[PDB]
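Enquirer: Requesting a structural model of the entry that follows:
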Amino acid sequence: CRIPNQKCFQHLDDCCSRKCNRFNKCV
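Expert: Numbers count the residues shown, from 1 in each chain. Structure as follows:
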């Protein structure tokens, strides 16, 4: 997975915490 506070697209579910948000960041 990708780590919290780094850049993502909300259609890509691989954030270690589960969710990407509207500011392009993983929660």
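Enquirer: For the chain, just list every one of the strands.
Expert: Assigned by DSSP state E, the strands in the chain number zero.
Enquirer: Off-centre distance for stretch 7-15?
Expert: 4 Å (Cα atoms, centre = their mean, to the nearest Å).
Enquirer: what sits against the closest residue to residue 14 other than its chain neighbours?
Expert: Using Cβ to Cβ, 6 or more residues apart in numbering and skipping the chain neighbours, the partner closest in space to residue 14 is residue 1 (4.8 Å). (C-beta placed from N, C-alpha, C; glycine too.) Counting by Cβ atoms under 8 Å, 6 or more residues apart in numbering, residue 1 touches 14, 15, 16.
Enquirer: Now do the contacts for the nearest residue to the second one once chain neighbours are set aside.
Expert: By that I understand residue 15. What sits nearest to residue 15 in space, not counting adjacent residues and going by Cβ to Cβ, 6+ apart, is residue 26, at 3.6 Å. Residue 26 sits next to 2, 3, 4, 5, 6, 8, 15, 16, 17, 19, 20 when contact means Cβ under 8 Å, 6+ apart.
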